[PDB]
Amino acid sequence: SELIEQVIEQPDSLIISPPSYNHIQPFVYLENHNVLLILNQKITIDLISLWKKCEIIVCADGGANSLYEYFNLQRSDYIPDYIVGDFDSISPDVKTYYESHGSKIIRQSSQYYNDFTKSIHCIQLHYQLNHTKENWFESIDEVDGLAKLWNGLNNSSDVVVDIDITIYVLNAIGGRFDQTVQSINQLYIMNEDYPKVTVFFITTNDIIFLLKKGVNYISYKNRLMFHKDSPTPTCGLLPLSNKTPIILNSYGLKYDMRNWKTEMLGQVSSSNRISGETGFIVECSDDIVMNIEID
């Protein structure tokens, strides 16, 4: 708390050279094992382009409707590998359609896990058991079998801890606020327990991800890739965990921070902008969420 906090107003363009540090490339999809997780909300992004870059696609219940309604390109060319959840939102017509086309249906009635977490368990269990059994999900407990199987396969130590996964999550932010918060909560929890799983929330307004404790280097070919020709893209660093405060040091943002303490009920960097033409750096005393405006 001794070091003086600083906020440096930088020029609109700067060249930041690469800094062990955490390297983040949020916009590769706009050019590891890629996964597309589709939650329940209208799909506005270029679904097709994202789909083509993913190994598996999972729909979280109502998310299947969102996928279905997007084509009304041939709908039959994009069948989700898995459809997971309590199914209190997916419509029979949509359910029938995809089931007849081969989607692996996994019903989980548990009222203690949401469609997002259930879908996440499905994804993790997939990369652990699918190469062994195509129907690994069959006959499992219909209440919370995924949850039990996941955090239970670790007791037998049959879990491959080494596998880099990138999960692109659609429709998880922006809707009901408690769902947005649970999604962020899971983002933090998942990094704590599964640091090799990288999650990107792609929304209508921005891309949201997690900066890891320590140095983070975020790169991209150029800002034009995600910001059509404001002259510069906006961003924010959001201290939403139970670890507070967070000490930030950035290099490449319009309002660069040095030994700047951030915390909810304190100062929070919002409406910041990106000056780095090819990348920027953010060092943090603990994991922290970052959002970057897209288009």
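For every residue, the number given is its place in the sequence shown, counted from 1.
- In this entry, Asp229 and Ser230 are separated by 1 to 3 residues of the deposited sequence that lack coordinates.
- If you average the C-alpha B-factors over 106-114 and over 148-156, the higher value belongs to 148-156.
- Taking the PDB entry as given, 122-130 carries the higher mean Cα B factor of the two stretches 209-217 and 122-130.
- Between the residues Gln182, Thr203, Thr166, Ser89, it is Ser89 that shows the highest Cα B-factor in the PDB record.
- The residue among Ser49, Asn242, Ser269, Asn259 whose C-alpha atom has the highest B-factor in the PDB entry is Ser49.
- For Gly279, the recorded CA temperature factor ranks within the lowest third of the chain's modelled residues.
- Sort the chain's modelled residues by C-alpha temperature factor and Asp61 lands in the middle third, per the entry.
- Annotation for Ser20: C-alpha temperature factor in the highest third relative to the rest of the modelled chain, per the entry.
- The deposited CA B-factor of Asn72 belongs to the highest third of values across its chain.
- The entry lists a Cα temperature factor for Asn249 that places it in the lowest third of the chain's modelled residues.
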